[PDB]
Amino acid sequence: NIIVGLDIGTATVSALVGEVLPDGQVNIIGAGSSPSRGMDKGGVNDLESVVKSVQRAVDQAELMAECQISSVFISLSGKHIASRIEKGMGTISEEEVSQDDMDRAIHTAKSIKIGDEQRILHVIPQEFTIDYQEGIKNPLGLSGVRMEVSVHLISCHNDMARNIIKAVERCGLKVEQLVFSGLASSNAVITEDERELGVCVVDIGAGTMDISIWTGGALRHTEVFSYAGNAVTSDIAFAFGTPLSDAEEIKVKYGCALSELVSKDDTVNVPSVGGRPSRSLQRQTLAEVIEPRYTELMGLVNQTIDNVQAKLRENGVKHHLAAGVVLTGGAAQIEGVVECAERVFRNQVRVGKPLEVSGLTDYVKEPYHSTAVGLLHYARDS
Ligand SMILES: Nc1ncnc2c1ncn2[C@@H]1O[C@H](COP(=O)(O)OP(=O)(O)OP(=O)(O)O)[C@@H](O)[C@H]1O
Ligand SMILES: [Mg+2]
């Protein structure tokens with residue numbers, strides 16, 4: 001009937017509500033945003049401050065939709081998120097692969113020993129195989145005698161998840177499921193065509209770099225880094241002697257990811273501390289600090305793609321991501337990301353926004369909303 005998201009981000013908390021229409025298309029009924037205090041690297045850092053932030057967005061969203069919120073789908077990220085790939089097996093009773101046969105094979109590959117510190121988050125079947133026929137998708141009706149699956153397992157640190165759950169539960173809400181941020185950030189920015197050719201998505205944000213790699217129409221790997229937009233924000237402050245509050249504004253209003261797209265005759269007013277006059281500083285100099293960090297950040301994604309690409313072809317599956325890299329999130333909005341990305345990467349870079357948003361489209365237009373609407377796409381499926 002009604003579905004609710006909750007992207008508890010490192011900087012802003014987004015909360016969307018929508019209703020499932022009979023055909024399937026979900027239209028958004030109400031949005032909600034609020035700055036988040038007490039957050040760092042996608043994890044909880046001050047429990048009482050994030051609880052107030054979650055209530056700020058959930059109350060304004062319950063009001064913009066004329067309905068009471070009771071259950072939510074929440075996102076989750078952090079360096080602790082890890083991915084595993086495990087194979088399984090199963091018999092095909094009465095030579096027809098019924099759905100009861102399909103979950104048994106998944107159950108076998110899913111049942112492993114991980115420990116208590118690890119919490120299972122996603123079990124994503126990649127490519128099936130049915131008697132010398134490999135790489136089949138949805139074989140619901142293929143006559144065979146036995147089948148093996150290659151499930152993709154997403155796991156996260158359990159304790160860091162309990163904190164996020166505790167925050168939402170203290171507002172009278174019930175959590176439905178935890179969702180990896182980059183997975184939702186990919187479900188709402190990608191077209192099915194791009195998935196099959198091969199793509200790399202990255203939720204560039206305040207404190208998290210949520211990477212998801214897709215080849216052959218299946219999620220292959222997921223990795224997260226803790227250096228994000230808050231790193232370049234600090235670099236501006238620490239290099240010019242300007243307060244963090246002011247250094248953020250200079251980043252959003254005059255920041256450039258390449259120190260050659262800005263003209264020498266451009267200047268910015270960077271303030272000072274102590275009671276000093278605000279100096280007028282070259283706009284090129286500002287971009288000269290943002291450029292090295294973005295290159296290093298994308299260098300981590302490049303090193304991740306290469307390590308996944310190597311171990312991918314070495315096992316016999318689609319390895320080269322054709323559609324390229326898709327950038328999203330807040331810190332992907334700076335002028336010149338596609339230019340500095342195309343230098344460190346050598347694949348198709350774009351700054352994809354949420355797609356096919358229905359109704360109330362003015363609040364789900366910018367890429368920093370992708371993770372939020374992606375929670376709706378995931379919740380739409382059951
Ligand atoms: N125009 C802009 N140019 C450069 N950076 C920007 C711009 N607008 C926003 N940002 C950066 O985007 C970041 C916020 O990202 P975003 O809102 O997507 O994160 P979030 O949802 O709060 O959390 P998460 O860390 O989990 O992605 C901030 O670090 C901010 O500096
Ligand atoms: Mg986010």
# chains A, B, ... in the order shown; residues from 1 in each chain; ligands from 1
call {"tool": "closest_atom_pairs", "arguments": {"of": "chain A", "to": "ligand 2", "cutoff": "10 Å", "atoms": "only C-alpha atoms and all ligand atoms", "output": "Markdown table"}}
result
| residue | atom | partner | partner_atom_place_in_ligand_line | distance |
| --- | --- | --- | --- | --- |
| A:6 | CA | ligand 2 | 1 (Mg) | 9.9 |
| A:7 | CA | ligand 2 | 1 (Mg) | 6.2 |
| A:8 | CA | ligand 2 | 1 (Mg) | 7.1 |
| A:9 | CA | ligand 2 | 1 (Mg) | 4.8 |
| A:10 | CA | ligand 2 | 1 (Mg) | 7.1 |
| A:11 | CA | ligand 2 | 1 (Mg) | 8.5 |
| A:12 | CA | ligand 2 | 1 (Mg) | 8.3 |
| A:13 | CA | ligand 2 | 1 (Mg) | 8.5 |
| A:14 | CA | ligand 2 | 1 (Mg) | 8.8 |
| A:42 | CA | ligand 2 | 1 (Mg) | 7.8 |
| A:75 | CA | ligand 2 | 1 (Mg) | 7.9 |
| A:76 | CA | ligand 2 | 1 (Mg) | 8.4 |
| A:77 | CA | ligand 2 | 1 (Mg) | 8.0 |
| A:180 | CA | ligand 2 | 1 (Mg) | 9.9 |
| A:181 | CA | ligand 2 | 1 (Mg) | 6.3 |
| A:182 | CA | ligand 2 | 1 (Mg) | 8.1 |
| A:184 | CA | ligand 2 | 1 (Mg) | 9.4 |
| A:185 | CA | ligand 2 | 1 (Mg) | 7.8 |
| A:203 | CA | ligand 2 | 1 (Mg) | 6.6 |
| A:204 | CA | ligand 2 | 1 (Mg) | 7.8 |
| A:205 | CA | ligand 2 | 1 (Mg) | 5.9 |
| A:206 | CA | ligand 2 | 1 (Mg) | 7.6 |
| A:207 | CA | ligand 2 | 1 (Mg) | 8.5 |
| A:208 | CA | ligand 2 | 1 (Mg) | 7.3 |
| A:209 | CA | ligand 2 | 1 (Mg) | 8.8 |
| A:210 | CA | ligand 2 | 1 (Mg) | 8.2 |
| A:328 | CA | ligand 2 | 1 (Mg) | 9.4 |
| A:329 | CA | ligand 2 | 1 (Mg) | 6.6 |
| A:330 | CA | ligand 2 | 1 (Mg) | 8.1 |
| A:367 | CA | ligand 2 | 1 (Mg) | 9.9 |
| A:368 | CA | ligand 2 | 1 (Mg) | 7.0 |
| A:369 | CA | ligand 2 | 1 (Mg) | 8.0 |
| A:370 | CA | ligand 2 | 1 (Mg) | 8.1 |
| A:371 | CA | ligand 2 | 1 (Mg) | 5.6 |
| A:372 | CA | ligand 2 | 1 (Mg) | 7.6 |
call {"tool": "select_by_dssp", "arguments": {"residues": "segment 113-192 of chain A", "states": "strand (DSSP E or B)", "output": "ChimeraX atom specification"}}
result
/A:118-125,128-129,134-136,146-157,174-180
call {"tool": "write_last_selection", "arguments": {"atoms": "N, CA and C atoms", "output": "CSV table (one decimal), in the first residue's frame"}}
result
chain,number,residue,atom,x,y,z
A,118,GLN,N,29.2,-10.4,12.0
A,118,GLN,CA,28.8,-10.2,10.6
A,118,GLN,C,27.3,-10.4,10.6
A,119,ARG,N,26.6,-9.6,9.8
A,119,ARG,CA,25.1,-9.7,9.7
A,119,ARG,C,24.8,-9.8,8.2
A,120,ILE,N,24.0,-10.8,7.8
A,120,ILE,CA,23.7,-10.9,6.4
A,120,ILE,C,22.7,-9.8,6.0
A,121,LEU,N,23.0,-9.2,4.8
A,121,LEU,CA,22.2,-8.1,4.4
A,121,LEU,C,21.5,-8.3,3.1
A,122,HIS,N,22.2,-8.9,2.1
A,122,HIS,CA,21.6,-9.1,0.8
A,122,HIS,C,22.1,-10.5,0.3
A,123,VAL,N,21.2,-11.2,-0.3
A,123,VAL,CA,21.5,-12.5,-1.0
A,123,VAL,C,21.0,-12.3,-2.5
A,124,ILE,N,22.0,-12.0,-3.4
A,124,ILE,CA,21.6,-11.6,-4.7
A,124,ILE,C,22.1,-12.7,-5.7
A,125,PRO,N,21.2,-13.5,-6.2
A,125,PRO,CA,21.6,-14.5,-7.2
A,125,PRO,C,22.1,-13.8,-8.5
A,128,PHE,N,22.7,-18.2,-13.1
A,128,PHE,CA,22.3,-19.5,-12.8
A,128,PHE,C,23.1,-20.5,-13.8
A,129,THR,N,23.0,-21.8,-13.5
A,129,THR,CA,23.5,-22.8,-14.4
A,129,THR,C,22.7,-24.1,-14.3
A,134,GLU,N,25.2,-22.3,-18.7
A,134,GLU,CA,25.6,-21.4,-17.7
A,134,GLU,C,25.1,-20.0,-18.0
A,135,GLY,N,25.1,-19.1,-17.0
A,135,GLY,CA,24.7,-17.7,-17.2
A,135,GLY,C,23.2,-17.5,-17.6
A,136,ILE,N,22.3,-18.4,-17.1
A,136,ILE,CA,20.9,-18.2,-17.4
A,136,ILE,C,20.3,-17.3,-16.3
A,146,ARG,N,19.6,-30.9,-12.8
A,146,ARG,CA,20.2,-30.4,-11.6
A,146,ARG,C,20.7,-29.0,-11.9
A,147,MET,N,20.8,-28.1,-10.9
A,147,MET,CA,21.2,-26.7,-11.1
A,147,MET,C,22.1,-26.2,-10.0
A,148,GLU,N,23.0,-25.3,-10.3
A,148,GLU,CA,23.9,-24.7,-9.4
A,148,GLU,C,23.7,-23.2,-9.5
A,149,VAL,N,23.8,-22.5,-8.4
A,149,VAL,CA,23.6,-21.0,-8.3
A,149,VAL,C,24.9,-20.4,-7.8
A,150,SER,N,25.1,-19.1,-8.2
A,150,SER,CA,26.2,-18.3,-7.7
A,150,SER,C,25.7,-17.1,-7.0
A,151,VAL,N,25.4,-17.2,-5.8
A,151,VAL,CA,24.8,-16.1,-5.0
A,151,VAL,C,25.8,-15.1,-4.6
A,152,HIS,N,25.4,-13.8,-4.6
A,152,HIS,CA,26.2,-12.7,-4.1
A,152,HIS,C,25.7,-12.3,-2.7
A,153,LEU,N,26.6,-12.3,-1.7
A,153,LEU,CA,26.2,-12.1,-0.3
A,153,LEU,C,26.8,-10.7,0.1
A,154,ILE,N,25.9,-9.8,0.6
A,154,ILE,CA,26.3,-8.6,1.2
A,154,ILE,C,26.2,-8.7,2.7
A,155,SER,N,27.2,-8.3,3.4
A,155,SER,CA,27.2,-8.4,4.8
A,155,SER,C,27.8,-7.1,5.4
A,156,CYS,N,27.4,-6.8,6.6
A,156,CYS,CA,27.9,-5.6,7.3
A,156,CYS,C,28.2,-5.9,8.8
A,157,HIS,N,28.9,-5.1,9.5
A,157,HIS,CA,29.1,-5.3,10.9
A,157,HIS,C,27.8,-5.1,11.7
A,174,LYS,N,9.1,1.2,13.1
A,174,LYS,CA,9.6,-0.2,12.9
A,174,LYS,C,10.4,-0.3,11.6
A,175,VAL,N,11.5,-0.9,11.7
A,175,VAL,CA,12.4,-1.1,10.6
A,175,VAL,C,11.9,-2.3,9.8
A,176,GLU,N,11.8,-2.2,8.5
A,176,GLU,CA,11.4,-3.4,7.7
A,176,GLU,C,12.6,-4.2,7.2
A,177,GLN,N,13.6,-3.5,6.6
A,177,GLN,CA,14.8,-4.2,6.2
A,177,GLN,C,15.9,-3.1,6.1
A,178,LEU,N,17.2,-3.6,6.3
A,178,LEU,CA,18.3,-2.7,6.0
A,178,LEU,C,18.8,-3.0,4.6
A,179,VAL,N,19.2,-1.9,4.0
A,179,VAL,CA,19.6,-1.9,2.5
A,179,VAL,C,20.9,-1.2,2.4
A,180,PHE,N,21.8,-1.8,1.7
A,180,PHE,CA,23.1,-1.2,1.4
A,180,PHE,C,22.9,0.0,0.5
call {"tool": "residues_around", "arguments": {"residues": "residue 304 of chain A", "least_positions_apart": "3", "cutoff": "10 Å", "atoms": "only C-alpha atoms", "output": "PyMOL selection string"}}
result
chain A and resi 211+213+221-223+298-301+307-310
call {"tool": "write_last_selection", "arguments": {"atoms": "N, CA and C atoms", "output": "JSON list (two decimals), in the first residue's frame"}}
result
[["chain", "number", "residue", "atom", "x", "y", "z"],
["A", 211, "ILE", "N", 30.47, 2.02, -3.54],
["A", 211, "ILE", "CA", 30.76, 1.51, -4.88],
["A", 211, "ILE", "C", 29.96, 0.24, -5.12],
["A", 213, "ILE", "N", 29.50, -2.61, -8.51],
["A", 213, "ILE", "CA", 29.98, -3.00, -9.83],
["A", 213, "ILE", "C", 29.01, -4.00, -10.43],
["A", 221, "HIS", "N", 30.33, -6.97, -7.29],
["A", 221, "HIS", "CA", 31.11, -6.62, -6.12],
["A", 221, "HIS", "C", 30.59, -5.32, -5.52],
["A", 222, "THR", "N", 30.82, -5.15, -4.22],
["A", 222, "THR", "CA", 30.45, -3.95, -3.48],
["A", 222, "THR", "C", 31.55, -3.61, -2.49],
["A", 223, "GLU", "N", 31.99, -2.35, -2.50],
["A", 223, "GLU", "CA", 33.02, -1.89, -1.59],
["A", 223, "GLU", "C", 32.73, -0.44, -1.23],
["A", 298, "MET", "N", 38.83, 9.04, -6.80],
["A", 298, "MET", "CA", 38.54, 8.19, -7.95],
["A", 298, "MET", "C", 39.64, 7.16, -8.16],
["A", 299, "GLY", "N", 40.87, 7.46, -7.74],
["A", 299, "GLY", "CA", 41.93, 6.47, -7.80],
["A", 299, "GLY", "C", 41.60, 5.23, -6.99],
["A", 300, "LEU", "N", 40.90, 5.40, -5.86],
["A", 300, "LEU", "CA", 40.45, 4.25, -5.09],
["A", 300, "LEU", "C", 39.44, 3.43, -5.86],
["A", 301, "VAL", "N", 38.52, 4.09, -6.58],
["A", 301, "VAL", "CA", 37.56, 3.35, -7.39],
["A", 301, "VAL", "C", 38.25, 2.69, -8.57],
["A", 307, "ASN", "N", 41.19, -4.36, -9.61],
["A", 307, "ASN", "CA", 41.30, -5.59, -8.83],
["A", 307, "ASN", "C", 40.09, -6.49, -9.03],
["A", 308, "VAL", "N", 38.90, -5.91, -9.20],
["A", 308, "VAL", "CA", 37.72, -6.72, -9.50],
["A", 308, "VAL", "C", 37.77, -7.21, -10.94],
["A", 309, "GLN", "N", 38.20, -6.35, -11.86],
["A", 309, "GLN", "CA", 38.30, -6.74, -13.27],
["A", 309, "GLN", "C", 39.27, -7.90, -13.46],
["A", 310, "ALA", "N", 40.41, -7.87, -12.75],
["A", 310, "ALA", "CA", 41.38, -8.96, -12.87],
["A", 310, "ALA", "C", 40.79, -10.27, -12.38]]
call {"tool": "closest_residue", "arguments": {"among": "A:26, A:317, A:81, A:232", "to": "residue 250 of chain A", "atoms": "only C-alpha atoms"}}
result
A:232
call {"tool": "closest_residue", "arguments": {"among": "A:353, A:318, A:264, A:276", "to": "ligand 1", "atoms": "only C-alpha atoms and all ligand atoms"}}
result
A:353
call {"tool": "residues_around", "arguments": {"residues": "residue 323 of chain A", "least_positions_apart": "3", "cutoff": "9 Å", "atoms": "only C-alpha atoms", "output": "MDAnalysis selection string"}}
result
chainID A and resid 193:200 326 347:349
call {"tool": "write_last_selection", "arguments": {"atoms": "C-alpha atoms", "output": "mmCIF file, in the first residue's frame"}}
result
data_model
loop_
_atom_site.group_PDB
_atom_site.id
_atom_site.type_symbol
_atom_site.label_atom_id
_atom_site.label_comp_id
_atom_site.auth_asym_id
_atom_site.auth_seq_id
_atom_site.Cartn_x
_atom_site.Cartn_y
_atom_site.Cartn_z
ATOM 1 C CA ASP A 193 20.537 -1.661 -20.603
ATOM 2 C CA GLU A 194 23.520 -0.207 -18.724
ATOM 3 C CA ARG A 195 23.416 -3.115 -16.268
ATOM 4 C CA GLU A 196 24.004 -5.739 -18.971
ATOM 5 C CA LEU A 197 26.866 -3.885 -20.695
ATOM 6 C CA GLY A 198 28.783 -3.281 -17.469
ATOM 7 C CA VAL A 199 28.699 -0.294 -15.118
ATOM 8 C CA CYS A 200 30.358 1.119 -12.013
ATOM 9 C CA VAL A 326 28.109 6.499 -13.114
ATOM 10 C CA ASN A 347 35.459 4.574 -19.054
ATOM 11 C CA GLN A 348 32.239 6.482 -19.738
ATOM 12 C CA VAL A 349 31.616 8.882 -16.840
#
call {"tool": "residues_around", "arguments": {"residues": "segment 105-117 of chain A", "least_positions_apart": "4", "cutoff": "6 Å", "atoms": "only C-alpha atoms", "output": "CSV table (one decimal) with N, CA and C atoms, in the first residue's frame"}}
result
chain,number,residue,atom,x,y,z
A,86,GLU,N,29.3,-17.1,-3.0
A,86,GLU,CA,29.3,-18.5,-2.6
A,86,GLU,C,28.4,-19.3,-3.6
A,87,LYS,N,28.8,-20.5,-4.0
A,87,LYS,CA,28.0,-21.3,-4.9
A,87,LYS,C,27.2,-22.3,-4.1
A,88,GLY,N,26.2,-22.8,-4.8
A,88,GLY,CA,25.3,-23.8,-4.2
A,88,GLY,C,24.8,-24.8,-5.2
A,89,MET,N,24.0,-25.8,-4.8
A,89,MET,CA,23.6,-26.8,-5.7
A,89,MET,C,22.2,-27.2,-5.3
A,90,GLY,N,21.5,-27.9,-6.2
A,90,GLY,CA,20.2,-28.4,-5.9
A,90,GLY,C,19.6,-29.3,-7.0
A,157,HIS,N,28.9,-5.1,9.5
A,157,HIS,CA,29.1,-5.3,10.9
A,157,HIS,C,27.8,-5.1,11.7
A,158,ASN,N,27.5,-6.1,12.5
A,158,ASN,CA,26.2,-6.1,13.2
A,158,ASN,C,26.1,-5.0,14.1
call {"tool": "atom_distance", "arguments": {"atom1": "atom CA of residue 381 of chain A", "atom2": "atom CA of residue 137 of chain A"}}
result
17.6 Å
call {"tool": "closest_residue", "arguments": {"among": "A:4, A:322, A:297, A:364", "to": "residue 341 of chain A", "atoms": "only C-alpha atoms"}}
result
A:297
call {"tool": "atom_distance", "arguments": {"atom1": "atom CA of residue 258 of chain A", "atom2": "atom CA of residue 338 of chain A"}}
result
9.6 Å
call {"tool": "closest_residue", "arguments": {"among": "A:54, A:44, A:61, A:257", "to": "residue 161 of chain A", "atoms": "only C-alpha atoms"}}
result
A:44
call {"tool": "atom_distance", "arguments": {"atom1": "atom CA of residue 99 of chain A", "atom2": "atom CA of residue 131 of chain A"}}
result
17.4 Å
call {"tool": "decode", "arguments": {"residues": "segment 344-358 of chain A", "atoms": "N, CA, C and O atoms", "output": "PDB file, in the first residue's frame"}}
result
ATOM      1  N   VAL A 344      41.445   9.993 -14.537  1.00  0.00           N
ATOM      2  CA  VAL A 344      41.836   8.867 -13.697  1.00  0.00           C
ATOM      3  C   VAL A 344      41.219   7.571 -14.213  1.00  0.00           C
ATOM      4  O   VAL A 344      41.883   6.530 -14.258  1.00  0.00           O
ATOM      5  N   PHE A 345      39.950   7.612 -14.612  1.00  0.00           N
ATOM      6  CA  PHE A 345      39.335   6.471 -15.270  1.00  0.00           C
ATOM      7  C   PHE A 345      39.468   6.611 -16.779  1.00  0.00           C
ATOM      8  O   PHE A 345      39.789   7.677 -17.309  1.00  0.00           O
ATOM      9  N   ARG A 346      39.225   5.510 -17.476  1.00  0.00           N
ATOM     10  CA  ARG A 346      39.141   5.522 -18.928  1.00  0.00           C
ATOM     11  C   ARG A 346      37.880   4.782 -19.357  1.00  0.00           C
ATOM     12  O   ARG A 346      37.892   3.915 -20.234  1.00  0.00           O
ATOM     13  N   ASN A 347      36.760   5.131 -18.722  1.00  0.00           N
ATOM     14  CA  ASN A 347      35.459   4.574 -19.054  1.00  0.00           C
ATOM     15  C   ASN A 347      34.437   5.706 -19.024  1.00  0.00           C
ATOM     16  O   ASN A 347      34.713   6.803 -18.528  1.00  0.00           O
ATOM     17  N   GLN A 348      33.253   5.442 -19.574  1.00  0.00           N
ATOM     18  CA  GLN A 348      32.239   6.482 -19.738  1.00  0.00           C
ATOM     19  C   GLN A 348      31.751   6.988 -18.387  1.00  0.00           C
ATOM     20  O   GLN A 348      31.151   6.234 -17.615  1.00  0.00           O
ATOM     21  N   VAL A 349      32.006   8.266 -18.103  1.00  0.00           N
ATOM     22  CA  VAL A 349      31.616   8.882 -16.840  1.00  0.00           C
ATOM     23  C   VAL A 349      30.432   9.811 -17.076  1.00  0.00           C
ATOM     24  O   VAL A 349      30.410  10.573 -18.050  1.00  0.00           O
ATOM     25  N   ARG A 350      29.459   9.757 -16.169  1.00  0.00           N
ATOM     26  CA  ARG A 350      28.314  10.658 -16.177  1.00  0.00           C
ATOM     27  C   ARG A 350      27.931  10.946 -14.733  1.00  0.00           C
ATOM     28  O   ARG A 350      28.474  10.355 -13.797  1.00  0.00           O
ATOM     29  N   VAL A 351      26.978  11.858 -14.553  1.00  0.00           N
ATOM     30  CA  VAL A 351      26.572  12.273 -13.214  1.00  0.00           C
ATOM     31  C   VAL A 351      25.076  11.998 -13.062  1.00  0.00           C
ATOM     32  O   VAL A 351      24.279  12.892 -12.752  1.00  0.00           O
ATOM     33  N   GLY A 352      24.689  10.746 -13.301  1.00  0.00           N
ATOM     34  CA  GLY A 352      23.300  10.322 -13.301  1.00  0.00           C
ATOM     35  C   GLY A 352      22.447  10.732 -12.115  1.00  0.00           C
ATOM     36  O   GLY A 352      22.877  10.632 -10.961  1.00  0.00           O
ATOM     37  N   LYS A 353      21.236  11.191 -12.390  1.00  0.00           N
ATOM     38  CA  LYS A 353      20.247  11.544 -11.385  1.00  0.00           C
ATOM     39  C   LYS A 353      19.217  10.429 -11.258  1.00  0.00           C
ATOM     40  O   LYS A 353      19.243   9.457 -12.017  1.00  0.00           O
ATOM     41  N   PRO A 354      18.295  10.520 -10.291  1.00  0.00           N
ATOM     42  CA  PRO A 354      17.197   9.547 -10.244  1.00  0.00           C
ATOM     43  C   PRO A 354      16.371   9.585 -11.520  1.00  0.00           C
ATOM     44  O   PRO A 354      16.239  10.624 -12.170  1.00  0.00           O
ATOM     45  N   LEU A 355      15.810   8.433 -11.878  1.00  0.00           N
ATOM     46  CA  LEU A 355      15.123   8.273 -13.150  1.00  0.00           C
ATOM     47  C   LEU A 355      13.659   7.912 -12.940  1.00  0.00           C
ATOM     48  O   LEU A 355      13.293   7.273 -11.949  1.00  0.00           O
ATOM     49  N   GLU A 356      12.837   8.314 -13.911  1.00  0.00           N
ATOM     50  CA  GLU A 356      11.412   7.978 -13.962  1.00  0.00           C
ATOM     51  C   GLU A 356      10.703   8.224 -12.631  1.00  0.00           C
ATOM     52  O   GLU A 356       9.842   7.448 -12.210  1.00  0.00           O
ATOM     53  N   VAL A 357      11.072   9.312 -11.958  1.00  0.00           N
ATOM     54  CA  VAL A 357      10.369   9.708 -10.745  1.00  0.00           C
ATOM     55  C   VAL A 357       8.992  10.237 -11.125  1.00  0.00           C
ATOM     56  O   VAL A 357       8.854  11.064 -12.037  1.00  0.00           O
ATOM     57  N   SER A 358       7.961   9.756 -10.434  1.00  0.00           N
ATOM     58  CA  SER A 358       6.573  10.052 -10.772  1.00  0.00           C
ATOM     59  C   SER A 358       5.942  10.918  -9.691  1.00  0.00           C
ATOM     60  O   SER A 358       5.849  10.499  -8.532  1.00  0.00           O
TER      61      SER A 358
END
